[PDB]
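Since the structure comes first, as structure tokens, the remarks are kept for the end.
No value in this document is a laboratory result; all are computed from the given coordinates. Here the Cβ positions follow ideal geometry from the backbone for every residue, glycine too, while neighbour counts run over all protein chains shown.
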């Protein structure tokens, strides 16, 4: 009934987010969907006492000045949390995310064995892309945890915001949160070469400066991880090249062909059973043929190379993953078709074999 | 301050559309389109300020005094909600107040085609409801937001200036932020929206360059974004969005739009042929793979031809095709249907 | 007060403007031309004394901070006035414009009956154009007053500045003065749709933003009035189109062809008697043929349709109006010819075997 009990239940019930707003009971997001708790609806007095109970006095003043506040806090013996407090219809409202210290393993996440091998790469650019909540941070956290476990190197992450904490194991891990630890991605990236890193996570490739920063890191002997909100390997490569002026795109294509070591495009789909989510992932691992196609500006022909790189490189097109999920009845036909980038291709391959 | 409450009660009881308060005239109510003065003495400058200020918050009174303009909404328990505009004329306060029903109308009550219901089922993307002021945009948006609220277990956040339709929680969590009270501005609300775990976001009118980039970012990162524009057609809407950006960034914006656009609705309310009420005429564009290439290929005007043949497959409909059907079914007069066609000669060919 | 007496003489003598400046007697503008009053020339002491006699303490302080001041004021039993005070050659100077409360009728203004029929339009765009002091606000005030009399609708005006005041009749009339009631045309037009209007006066079509606002008003079921400074219907339509980029001119021409309901272009000419001025006006009322010519980018061919549209559509070219002013001997031959856009056509009209 208080903030401590709600946050403990959020962790205990495997929720990702707790929502507190007027005229609704506390609600928790489990596997992406909100489920209300068996409690009376809150009023404006309730949402204010609950949200204020986890703020410092200085934080309460800054929220009252702007009607907005981002913060993080810890509950001893429980978990860390990300909070956002705001105002709607004249009342306090809040959303609170658990940030787990412990990452589940690759097999628990449904990630193919090639993801474990990407975590062993000495150098290059590895891109994990997809929409919000498609599993990107969990894959990145699993990869970084394997690196942390296996290497004696320096890992620096720049995140907006940090979604997983990595205690030091064999690596030295420094994590900078945008907006608190560092002013911006640009400022962190301006000094990242002066911090003796070996592995760097740069977050979303939001602008040209960040793309150039990720390419330089990957060219100078570092393992660079970044995200995009693209849905396929080809769409990912096109977005990176096409954001640059036409005159500088030849160099970017040449740069990408040398340093790119893997592209993972994930999506979480509803299970046909109606409970839980299943991972759909497109995997592109560059071979000499794909690297030439990038340099030759034959980006779209990379898809044909992914269709035949399953046994050799662990590649898998998005349609090839949906096909396997369909034969095992993990997703319905309606969900698979609404997600296929080419439903006619997936339809024809289902009829044969 | 209790006189204003009684005037609005009289406005509701007499079936009026709008209440007018201005100096040197009695309160006037629009009934069936025509103004009628109430049998009361005329107001002075003190009165129009006193009545209008009685329904303002202290901030709203300081916001109004800073700009000599103010839009707002408020509710009267047991009566109705109302949208108000207060302004200044000849050195005195004036006000107009419209009626906002508590009960949100259905798709069929609003005259919205079944394709709007399928747009309400989209999991992510950008859906634009456009038109000039009072073209039914908030009513259409509320119907869309009410269907998602009814059907989904997701988090809906709206940013409104002001909040018009209220959406009680159903199966969704719905948070509605009013600019100038709950949040300082659209810019400030959008700065924090990514930390609030939203699934569906209403950002209001695409009023400037900065909000459009924010709306494209929300829709690109896996969210369903609703926004409005002032344009009157799908093609005019797409051109307006791209052309506000500097020439060097327009290639990316067209590329983003080809990926993220999920629907364009351009509405307009016309008087009914019976002489009572207004009926919705709507142009609906839902991008298919063909339209997405036309967007990427910068052949935006050829999109109109695609809408003419996408009715059965995709539920598409040009404005002229909608006006033709409303005219044949006797919902509108010939002058109103002709007075709205963007190409009156095309509608003639369909008439034959 | 001498100032009280000067303003009474200005009103009584039908002057439009009173001028007070150093080394000249007070001068009043009568029929567009300045005429000095039979008084000794004023000095700097006089001009500061006369202008300060009508200022509040707050106005005197603001004028002294900038050497500029706009204001309006009323004189009980006389008239209201719009004033401007400034400084020149180290001395105070002032100009004062009268704002009449009473609007003259259409026939008094010399406006043809077709203008009255334009006031009965339920929707569309009606443009009243001409140079400064060509009677535009006066024509607009007569139209607004007829609408106010005949309709139960909401009239909103946005003006820079307000020229005629309209007491309520059957309409509710709200008049917003730029720089006092509202910050700008842009802000008034930003909220005008939320103000439940039926008839809107938007002032000068100064930029694309205002033209786009008027087109939106005219398309959504409103009657919109606006002004330009063009001298003919064809010149008026082209001026509106040519303000847009070349790629967007097709749409603007298409919009105008749909919503345009009337174009009036005026000029005030001296009378043959030497007293008063007579209105010369060109009237274009769009028919289906003219609307097509607009859409087809055949604007110059619109004039030929106007030459034959008096009886059918109530149209009237400038030359046809000048012809009528010449037959009634209201203007001299030189004045009529000096304004004709085509003197040879007007000559042909005068040398007619069907002349009567």
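Which FRET efficiency value, to the nearest 0.05, is calculated for residue A:187 and residue A:310 with the Förster distance at 51 angstrom and r the Cβ-Cβ distance? That gives a FRET efficiency of 0.75. As a length-normalised measure over Cα pairs under 8 Å and 6 or more apart, the relative contact order of chain B settles at 12 percent. For the range A:1-102, the equivalent ellipsoid derived from the alpha-carbon gyration tensor has semi-axes of 20, 17, 11 Å in decreasing order. Label-to-label distance, residue B:24 versus residue B:248, with points set 7 angstrom from Cα along the beta-carbon direction: 5.6 nm.
Counting Cβ atoms of other protein chains within 10 Å of each residue's Cβ and taking the mean over peptide C:106-112 gives 0.
Over the protein assembly as shown, DSSP H runs of length four or greater, each weighted -39,500 (n - 2.57), average out per residue to a 222 nm ellipticity of -10500 deg cm²/dmol. By DSSP, the beta bridges lying fully in the protein assembly as shown are antiparallel in about 60 percent of cases. Where both bridge residues fall in chain A, DSSP classifies roughly 60% of the beta bridges as antiparallel. The relative contact order of the range C:1-102 comes to 25 percent, based on Cα pairs under 8 Å that sit 6 or more residues apart. The angle separating the long axis of helix A:233-242 from the principal Cα axis of greatest extent in chain A is about 90 degrees.
Summarise the long-distance tail of P(r) for chain C by giving the % of C-alpha pairs beyond 30 Å. Counting every Cα pair in chain C, those more than 30 Å apart make up 45 percent. On a 0 to 90 degree scale, rounded to 10, what angle separates helix A:249-259 from the longest Cα axis of chain A? That works out to roughly 90 degrees.
What FRET efficiency comes out for the pair residue A:349/residue C:212, r = Cβ-Cβ distance, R0 = 60 Å, nearest 0.05?
After rounding, the FRET efficiency stands at 0.70.
Comparing Cα centroids, the range C:228-260 and the range B:331-352 end up 23 angstrom apart. With the cut-off at 1.5 for a/c, could you classify the protein assembly as shown from its C-alpha gyration tensor as rounded, prolate or oblate? The shape class here is prolate.
Packing-based ranking of C:243-254, B:212-223 yields B:212-223, C:243-254, ordered from highest to lowest mean Cβ neighbour count within 10 Å. For chain B, the longest principal axis of the alpha carbon atoms and the long axis of helix B:58-67 meet at an angle near 70°.
Per residue of peptide C:164-174, the mean number of Cβ atoms on other chains within 10 Å of the residue Cβ is 4.
Using a 10 Å cut-off around each Cβ of peptide B:187-198, what is the average number of partner chain Cβ atoms that fall inside?
5
Taken as Cα centroids, the range B:61-105 and the range C:285-324 sit 45 Å apart, rounded to the nearest whole angstrom. In the range B:60-134, the inverse of the mean reciprocal separation of distinct Cα atoms equals 15.8 Å; this is its Kirkwood hydrodynamic radius.
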